[PDB]
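Working notes for the structure below.
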Amino acid sequence: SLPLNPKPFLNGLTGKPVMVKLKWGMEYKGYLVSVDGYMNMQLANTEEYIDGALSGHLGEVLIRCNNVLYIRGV
Amino acid sequence: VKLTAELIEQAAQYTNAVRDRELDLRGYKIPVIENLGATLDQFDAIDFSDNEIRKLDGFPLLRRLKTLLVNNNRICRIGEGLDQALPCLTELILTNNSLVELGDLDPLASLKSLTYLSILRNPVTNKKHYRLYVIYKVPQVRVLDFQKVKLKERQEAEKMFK
Amino acid sequence: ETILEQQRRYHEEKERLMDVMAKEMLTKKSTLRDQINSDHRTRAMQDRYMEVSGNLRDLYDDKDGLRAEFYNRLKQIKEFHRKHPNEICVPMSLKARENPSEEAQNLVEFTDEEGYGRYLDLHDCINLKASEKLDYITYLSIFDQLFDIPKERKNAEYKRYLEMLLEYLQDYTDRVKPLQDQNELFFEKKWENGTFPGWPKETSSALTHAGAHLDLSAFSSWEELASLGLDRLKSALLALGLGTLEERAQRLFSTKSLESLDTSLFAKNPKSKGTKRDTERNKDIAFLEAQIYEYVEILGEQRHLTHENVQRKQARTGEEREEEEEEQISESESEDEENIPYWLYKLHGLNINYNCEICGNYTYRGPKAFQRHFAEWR
Amino acid sequence: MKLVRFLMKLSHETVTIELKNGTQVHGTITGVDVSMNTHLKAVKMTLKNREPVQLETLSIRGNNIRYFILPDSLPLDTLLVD
Amino acid sequence: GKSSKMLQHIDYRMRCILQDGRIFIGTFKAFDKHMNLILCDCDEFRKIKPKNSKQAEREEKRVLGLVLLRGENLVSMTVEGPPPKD
Amino acid sequence: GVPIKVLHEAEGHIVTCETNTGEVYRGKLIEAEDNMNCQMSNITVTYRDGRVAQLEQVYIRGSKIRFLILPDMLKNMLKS
Amino acid sequence: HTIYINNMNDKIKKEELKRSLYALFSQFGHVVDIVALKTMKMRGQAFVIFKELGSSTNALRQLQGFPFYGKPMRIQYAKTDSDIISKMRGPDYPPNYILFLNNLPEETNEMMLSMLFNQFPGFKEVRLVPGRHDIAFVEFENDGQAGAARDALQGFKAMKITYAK
Amino acid sequence: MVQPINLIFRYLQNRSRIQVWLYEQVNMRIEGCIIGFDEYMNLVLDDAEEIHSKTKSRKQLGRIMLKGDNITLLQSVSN
Amino acid sequence: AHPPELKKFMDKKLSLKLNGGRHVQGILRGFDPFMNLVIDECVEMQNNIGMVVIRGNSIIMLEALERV
Amino acid sequence: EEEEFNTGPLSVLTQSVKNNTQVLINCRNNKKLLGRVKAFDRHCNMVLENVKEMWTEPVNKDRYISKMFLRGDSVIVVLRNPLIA
RNA sequence: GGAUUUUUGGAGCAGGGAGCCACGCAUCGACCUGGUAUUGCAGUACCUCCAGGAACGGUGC
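The structure is reproduced here in structure tokens:
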């Protein structure tokens, strides 16, 4: 696309199912409620996938920005 | 022209061609090796070529000294406690000096890391069995007089002198 | 190599050194006197000179000028004695050659450098007369051994240890002077009236550091006395004597911190599991304590001298304390051996900033002057 | 709001602090500054896998703190007022 | 308020703990915003901080000298001994 | 910072540098930046295994320096 | 200042080769640097650079054919000046291969100068023979060899040899 | 002189496929086509992949925003 | 917002020590205030990777393979 | 700023303080702190009440901490739930 | 005044077993024996090839 930046991409993905990988290898799937300037992230109906396998169903979750490796829409 | 801290302090200091920190002590007419304390153990090797030293002795404890170039001096004897002051001595170049008897080379057996040894242009060189004698008495040497110490020579030196 | 020549050169060098430190002892007898006096109180047998000699600073008939320098020369003599000991050690451990001496006949060289380079290598005094230090020990510096507050052995700096001590007692009720009062404890007081419990960690650590300091200070301030001799003396006193503490009432004390009725139960207690444990855990500390004790005893004069200093400085004013500090400083960093027309200048063109580059990037205030620079000496 | 301000009020309290490197610190706060650099007295500090050591004084770089365990008595609602 | 908490210990001998777990003991002469530290007559210890360990007090001690430590790698400091007078 | 001024003072002197990874670099400090970035020359490097090497020219980022050893020639900023 | 060595045992590892080269050649003067690569092109060769030129000439004459790691080394003066020398330092025929001059007498002679000039494969013209025995005209096939001979006796304690510039 | 940010701007324009070296993780690297990026070097990658250097295995990701925290190094790949 | 003093190293071959025990070699083509680098003809220590960006964050040390 | 605390991801903390509800904090130390948020800030420093700390050592462990301050860098994740209920 | 050089973290976690001695997996590197190719004037990630040896070294889990 004509330049698609970090910030708009993430904003487009609000209201959507996402999965976030953390640096530590945990993964969290849920609906992205919001993100902020520092790229802290809020998920609803979160699920946890560790070793790529469903571990725990967690609900509403804040992820501190420094933990994030990458975010994927899914 | 005594060796001096004052002498050592104004001496050319540089990184040599083989990437080691070297101190240039060459051509001062030094007769006796002394006062090395002042180098502060900061050199990989010391170049003492073209001087008048008689005995390879008088060193303080120098843990970083790995190469000693002692070309064109008058070395006729090697000190006995050399490994105690120079534990990692790996290369010793003694070309064109005055070692005359095979037994005078005996103190080099105590230098456990000594791997490169050069004694060319010393009278001792023409003594019968000079090469085999060095190989058996200083087995830690891998290259002697720029020639590889080979297995066959080691065995041959094991027979003679066994 | 003819061993005769080597052994000869050795005896000769030894002679040279003896002669050097003897010349020194000659110019300023204090060098020996000082030393000897201290030695007197460590090895009681030592015979010491007539007091008159000591005072008048004379060895026979001539009274020498009173002299940082004393200490300096004492450390120099120290290294000299080291050399001597080495040479003595190595030492303890014809036509054929005369023919080879013919080698290289044609050399135009004057050779006056065997006894002269040695004699010179070990003598007093730069170009002529600036530094008392011999070429042998030309890079010898006391300030790298003594701090400014120690004044080359005059005082011992214990303020630092007062700090650490405050850190140890976990309060501030303790003043520098009360701390020194504590130190005074150090043959029985430091053992039976301890500042803190002698099984306290902080305390034992502190005591270690302090002990080490006092000892190094001791030998530092008296180079001339054989350190090894003193060490061994103390060690043997420690082993052979230290049920050395005996009471007519309680019996025999043990550094287990308990007394004992008779020598019998005392001996059969030195094999018990308790004493084995303790002597096996607290050995280094006990020994260090002991050293602090005996070394502080040997330095009683310095301890007193410093305590005095403390009280003085303490009773000073601001200006006084400042000037005193100035003095200590100077002593520390001193050589051990002493040797209108306003419009007129604008009209004439002067007092205007200008510079000559070739001369020290120098500044000239006038154009006539700079034009005069062109013909000048510099 | 700025919670370091809250910690700066805790001089003369005794606390237990757990460090990022696992070390445990129990002592009386002499001062917290704006960087959360914390200073204490009468300190019993236990590095992970040692027996405690006692220090008359200890100064911690703020970033190395994991968390403070506060006195149960502490009146938080008072301290949260500005 | 006072800013003194560091300035108090200035000139004192100080025991500083690094992030890898080393012990640096030197004379605390200067600091800054980041807690970069200036340590005179500084030695490094690894195995222990002695409290009079009857076996020995000192193993793996190294003389360093004049040290500037970066604050990033500093964990903590305690008073080790009083200022040397010099 | 006060330490930074003292570092700049050591430019032109022989200094020792340990990195965050424990490699030890000794040689002449050519340039020291405000952020502790260090340009040095004629280095001896001593790795964590103990082995040495020789380098002509190096530059180390300030952040990745654990510490520096400076001459004692500097010790004599006593105002602060 | 730089000598080119070839016919070297290429089985020695590069860092060992350079360190033995440094050791061996230190006997004649300070070696500033050594360039040796193991590429196909450059294997079995090395450039040894000395601070002093007299040192290079002495090295060349004394170590010609010296057994090193089993093979007799062949030494020659390098074709060009070494980059390091050019940086440390800062006519069209020079370097020339004909050195004529005098100041070399003392029972010196034509078979003498012919063997000294002979040392060099460039041995082409040698004129030293009249009652003189002090005027030397040396035509050396090429300046590497004329330069080798000249650099070998570059200060015959002082003789005067002047290239045919 | 080429400025690093500009190189990226080039990568963006080119739609060259990019391989990223991550911080303190060697066994995995990330791949994708930079669509956009920000002042923090945070990247928007398209048709992205986790690359396991040890397992020779690839994990398919699609639309990725990688925080710049992780960036060690940026390289281009022909694929 | 200072620059790193690297103009001296511009267009020189360099040896780069990176975190993770990683090492690469290449020619310096540029830099910014964060010490992010552009390195040309880069080689992973060996396989050729071409022109690359190294984030200054992960730069431990650099060593010139040339004389500056 | 309040708006960003109110509606942004930190509203999780803002909501927990207002309702005095429980939250589980996954933590860098591999420990989890379960409790109520008395206060929080940008960095996710927090003052916590009735904290149950849980971890593992395999053996699970826990311990009660009435009053405590958490430096926010140690935060990995903060969870709001039907936990308080 | 939480976005690359310091203070709002890239940290976290994994080693005993067998009889003083010895050790799983993956990647890279010289490296050591034989034999063999090349005789080439350079400024260097490394540098012939063929067969055999690694009770070698470093890094990660």
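Chains as they are written, first to last, in this note's numbering: chain G, 12 to 85; chain Z, 31 to 192; chain A, 17 to 394; chain S, 459 to 540; chain L, 122 to 207; chain F, 4 to 83; chain R, 70 to 234; chain X, 72 to 150; chain H, 5 to 72; chain D, 156 to 240. The C-beta atom is built at its ideal place from N, Cα and C for all residues, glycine as well.
| query | Can you list, in chain order, the stretches of the beta strand (DSSP E) that have 3 or more residues and sit fully within the segment 93-167 of chain Z? | reply | 97-99, 121-123, 146-148
| message | I'd like the span of the beta strand (DSSP E) that includes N113/X, first residue to last. | response | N113/X -> no beta strand (DSSP E), and no H or E assigned at all.
| said: Helix, strand or coil for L537/S? Go by DSSP, reduced to three states. | reply: helix
| task | Evaluate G200/R with the Cβ neighbour count: other Cβ atoms within 10 Å of its Cβ, from every protein chain shown; 16 or more gives buried, anything less gives exposed. | result | exposed
| said: Just checking: is the beta-carbon of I61/G within a distance shorter than 8 Å of some beta-carbon in chain D? | reply: Interface residue (Cβ-Cβ distance to chain D less than 8 Å): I61/G is not classified as such.
| query | Cβ of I518/S within 8 Å of Cβ of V473/S? | reply | no
| said: Tell me the rounded alpha-carbon separation between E305/A and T224/A. | reply: 7 Å
| query | Can you list the residues of chain D that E71/G reaches, using a CB-CB cut of under 8 Å? | reply | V167, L234, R235, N236
| query | Hey, how far is the Cα of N51/H from the Cα of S469/S? | reply | 59 Å
| request: Check whether the Cβ of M50/G lies closer than 8 Å to any Cβ atom in chain X. | output: yes
| request: Determine the contact status of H99/R and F116/R, defining contact as a CB-CB distance below 8 Å. | output: No, the Cβ-Cβ distance between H99/R and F116/R is not below 8 Å.
| Ordered list of beta strand (DSSP E) runs contained in the segment 48-117 of chain A, each at least 3 residues | none
| task | Might you give, ordered along the chain, the residues of its own chain that have their beta carbon closer than 6 Å to the beta carbon of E240/A, omitting 5 neighbours on each side? | result | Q51, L90
| Is the shortest distance between the beta-carbon of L189/D and the beta-carbons of chain S less than 8 Å? | no
| query | Taking Cβ-Cβ distances below 8 Å as the criterion, which residues of the segment 148-161 of chain L are in contact with chain F? | reply | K150, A151, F152, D153, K154, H155, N157, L158, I159, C161
| For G57/Z, which three-state DSSP category applies? | coil
| For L461/S and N200/D, believed in contact at Cβ under 8 Å, the rounded distance | 5 Å
| task | Identify the continuous beta strand (DSSP E) that holds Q42/F and give its terminal residues. | result | 41-49
| field | Proximal residues to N325/A (C-beta, below 7 Å), its chain only, five neighbours per side dropped | value | Non-local beta-carbon contacts of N325/A in its own chain, meaning distances under 7 Å to residues more than five positions away in sequence, involve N171 in chain order.
| request: Could you check if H130/L is buried or exposed, using at least 16 other CB atoms within 10 Å of its CB as the buried criterion? | output: buried
| message | What does the Cβ neighbour count give for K27/G, buried or exposed, with the cut at 16 atoms within 10 Å? | response | exposed
| message | Contact criterion: CB-CB distance below 8 Å. Does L15/G meet it with respect to chain X? | response | yes
| query | Which residues, in order along the segment 508-522 of chain S, keep a beta-carbon less than 8 Å from a beta-carbon of chain A? | reply | When CB distances to chain A are screened at a threshold of 8 Å, the residues of the segment 508-522 of chain S falling below it are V511, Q512, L513, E514, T515, in chain order.
| Do three or more CB pairs link the segment 285-305 of chain A to the segment 158-174 of chain A at distances below 8 Å? | no
| In the segment 482-512 of chain S, which residues sit with their C-beta less than 9 Å from some C-beta in chain L, listed in chain order? | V483, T488, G489, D491, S493, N495, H497, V501, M503, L505, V511
| field | First and last residue of the uninterrupted alpha helix (DSSP H) at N22/G | value | 17-24
| query | Within 10 angstroms of its Cβ, does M109/R collect 16 or more other Cβ (buried), or is it exposed? | reply | exposed
| Is any beta-carbon of chain A found at less than 8 Å from that of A35/Z? | Look at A35/Z: its C-beta is under 8 Å from a C-beta on chain A.
| By how many angstroms is the C-alpha of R191/L removed from the C-alpha of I68/F? | 8 Å
| task | Please name the residue or residues paired with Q482/S in a DSSP beta bridge. | result | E476/S, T504/S
| said: Can you list, in chain order, the residues of its chain with a C-beta nearer than 6 Å to that of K21/H? Leave out the 5 residues immediately preceding and following it. | reply: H27, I64, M65
| Hey, does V178/D have any beta-carbon neighbour from chain S nearer than 8 Å? | For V178/D, the nearest beta carbon of chain S is not closer than 8 Å to its own beta carbon.
| Under the three-state DSSP convention, the category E208/R falls into | strand
| request: Please classify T127/A: does DSSP put it in a helix, a strand, or coil? | output: coil
| message | Counting only Cβ pairs nearer than 8 Å, list the residues of chain D close to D530/S. | response | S221, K222
| request: Could you tell me whether the segment 61-81 of chain A touches the segment 154-167 of chain Z, using the rule of 3 or more Cβ pairs below 8 Å? | output: no
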